[PDB]
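Taking the form deposited in one PDB entry, here's one chain by itself in structure tokens.
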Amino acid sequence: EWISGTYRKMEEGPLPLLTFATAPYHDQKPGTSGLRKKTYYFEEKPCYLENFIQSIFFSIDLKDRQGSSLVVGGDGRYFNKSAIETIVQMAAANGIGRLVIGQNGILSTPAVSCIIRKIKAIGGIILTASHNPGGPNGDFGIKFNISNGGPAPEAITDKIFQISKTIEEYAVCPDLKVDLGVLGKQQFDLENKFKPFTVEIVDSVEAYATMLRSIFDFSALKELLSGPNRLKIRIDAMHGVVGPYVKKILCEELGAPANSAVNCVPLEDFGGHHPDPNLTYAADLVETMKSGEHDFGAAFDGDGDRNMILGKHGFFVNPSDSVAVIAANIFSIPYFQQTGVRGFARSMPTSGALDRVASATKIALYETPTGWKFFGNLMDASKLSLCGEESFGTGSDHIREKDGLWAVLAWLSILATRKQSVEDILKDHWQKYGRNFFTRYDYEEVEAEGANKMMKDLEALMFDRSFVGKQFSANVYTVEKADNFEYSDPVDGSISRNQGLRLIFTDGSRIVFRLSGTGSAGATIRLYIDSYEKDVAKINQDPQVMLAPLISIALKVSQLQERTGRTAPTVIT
């Protein structure tokens, strides 16, 4: 009971704050999605976690750090609870005034972005490796968000890397034990300090659910998913963090059956499966959808910022299309009614399906590089309201992270509005704006410098006067513009180069080659292919059949097979 903990704290007295010596590491550079390593890096290596955490604290100014509030939460993967305890003790020893932590450490990435902005916190620490597998032999990550609720920009992350490279002492409160299970306030008496330290354990779902409740019309959702004539659906949480949100939001408040949700219990190893939503890693969901029983299926990733949208019989609306449908009927969501369409954005590898809705509605569209930085830059300038990434990313400017369950609720709102099946909505959209046949091949973990050699030699081949205008086909395309995609940010003036080789032809079709920044050992080659078609006779056809020429040209030009040794892609989406 609470009384036992209170009396215990009273008898043990004030908790000491102590400095301990440490040695720095070399690979604590936070990437596009924080700092991600294998779990043993954080669980077994001495003071790895402590070094990184204290680097994060040092990256925050002392003024903003004394007395301020910080959100802490994660996707409930292995080691998250222990690392959260360490974060609590260090925060207590580092002048933080209050930690708002999700119950049992559970807090989806959009939930953290939401709470940060709501409680006016100086930032948040997210214990997630996103779509990467968890468990003792899995992966583990730490993502630092700032006061706008979004990821820490390159300045902050670089400061954390620099500080981490030379750090030699940290502060911790080792006698501090905190129960992450019981909701409510939890105060701690610290030695040599006058103000008590506060750990507030909040519901993992409540605030997020309130935000969705003010974004969507939950009456229409209740009538759609709740009644006897309900729209049969199946939501696969992949044993990820979105489980509690699915159950408390869609099932409890919105009234959909409890057997509508599956795998809605977050497991520290994500049930052994890969917490990534796509047709390859969500086989159970597509095969359950293959019997012709539900009209809408959806999957999420580990931390809840990605989503997969499926229709009846397993119909697959690829992310690049999903964001274009949401844009095409964006005014079915009360939130965008309130804000208006501030702008549209997509990453360069993402198909141009959104571009067509932007051109038809006279709305600015920004083709940004891979990553959140540019999307947040645009959102803070009131120049972006809906954005999406091909990597199953969909989000708006309601927060500063992408949001999977938000995209699902948007799809249910537009389903209830248009009163059609997903396949009908998609087909009508294709005939309305034309179809962007899209595919992406991932060649996972190939020996680098073979891939880098393919990129350098490929780019040299692309910049040649005897290249622009050359004929290719496999029973015809002619090169129009080959380059290394550069992007100038129109908000802060930042310039970004490489970002992926582009082959654009005269029919609008594009072949993009990108080296991954998500990877650990070696390198991952990503091949995107995007071909447009308006001839409504050709709007419907098998995309892997419709695209096969462009694929053959992509590997024949890149010499992928001869330089990597691989004969088939690791995953096709």
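Residue indices: 1-based, along the sequence shown. Here, rigid core means the biggest group of C-alpha atoms that superpose within 1.5 Å across both forms.
One more form of this protein exists, namely the form deposited in another entry; it is left out here, but the text below deals with it.
| task | Pick out the one residue among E445, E367, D203, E252 whose C-alpha shifts by 2 Å or more between the shown form and the other one, once the rigid core is superposed. | result | Correct option: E445.
| field | Core-superposed C-alpha of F467 shifting 2 Å or more between the shown form and the other one | value | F467: C-alpha displaced by 2 Å or more between the shown form and the other one.
| request: Superpose on the rigid core, then tell me if the C-alpha of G519 is displaced by 2 angstroms or more between the shown form and the other one. | output: Moves: yes, 2 Å or greater.
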